[PDB]
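Colleague: Model the structure of this input:
(one chain, ligands or ions: 3)
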Amino acid sequence: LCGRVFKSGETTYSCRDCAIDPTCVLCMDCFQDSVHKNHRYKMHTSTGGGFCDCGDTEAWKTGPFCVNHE
Ligand SMILES: [Zn+2]
Ligand SMILES: [Zn+2]
Ligand SMILES: [Zn+2]
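Modeller: Numbers count the residues shown, from 1 in each chain. Ligands and ions are numbered 1, 2, ... in the order given. There you are, the coordinates:
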């Protein structure tokens with residue numbers, strides 16, 4: 001599990017194809033090493049205090065782990 005806490009302004013990513021809902025999100029480092037960079041991804045600018053869902057098998061229809069966290 002990544003679980004990194006986002007700072008305000010940080011760039012993060014959801015996947016329209018795989019996210020169970022629009023709040024499922026990856027930090028940039030996880031996103032870049034994930035299957036979702038080749039999907040219908042959607043960038044989000046953090047308000048601050050959200051967290052990365054990399055490794056959460058409940059959050060992603062495919063590829064819940066990036067290469068770093070597999
Ligand atoms: Zn992460
Ligand atoms: Zn990861
Ligand atoms: Zn995806």
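
Colleague: Can you get me a residue count around residue 54?
Modeller: A total of 26 residues lie near residue 54 under the criterion other CB atoms under 10 Å. Every residue, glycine included, has its C-beta placed from N, CA and C.

Colleague: Surely it is in contact with residue 69?
Modeller: Yes - distance between residue 54 and residue 69: 5.3 Å, which falls inside the contact criterion (CB atoms under 8 Å).

Colleague: Name the residues contacting each of the two.
Modeller: Taking CB atoms under 8 Å, 6 or more residues apart in numbering as the criterion, residue 54 and residue 69 both touch 1-2, 30.

Colleague: So which of the residues you listed belong to strands?
Modeller: If you go by DSSP state E, the shared contacts of residue 54 and residue 69 have nothing in strands.

Colleague: Closest one of the residues you listed to ligand 3?
Modeller: Sorting those by distance to ligand 3 puts residue 30 at the head of the list, at 12.1 Å, by CB to the ion.

Colleague: Wait, the closest one touches residue 63, no?
Modeller: No - counting by CB under 8 Å, residue 30 sits too far from residue 63 to count as a contact (10.5 Å).

Colleague: Comparing those two, which residue is more hemmed in?
Modeller: Here residue 30 and residue 63 are set side by side on neighbour count (other CB under 10 Å), and the busier one is residue 30, at 23 against 16.

Colleague: Now do the same contact list for the more buried one.
Modeller: Going by CB under 8 Å, 6+ apart, residue 30 touches 2, 4, 52, 54, 66, 68-69.

Colleague: Centre of the chain to stretch 8-24, how far?
Modeller: Using CA atoms, centre = their mean, to the nearest Å, the distance from the centre of stretch 8-24 to the centre of the chain it belongs to is 5 Å.

Colleague: Return the set of buried residues in it.
Modeller: 10, 12-15, 18-19, 24 (16 or more other CB atoms under 10 Å).
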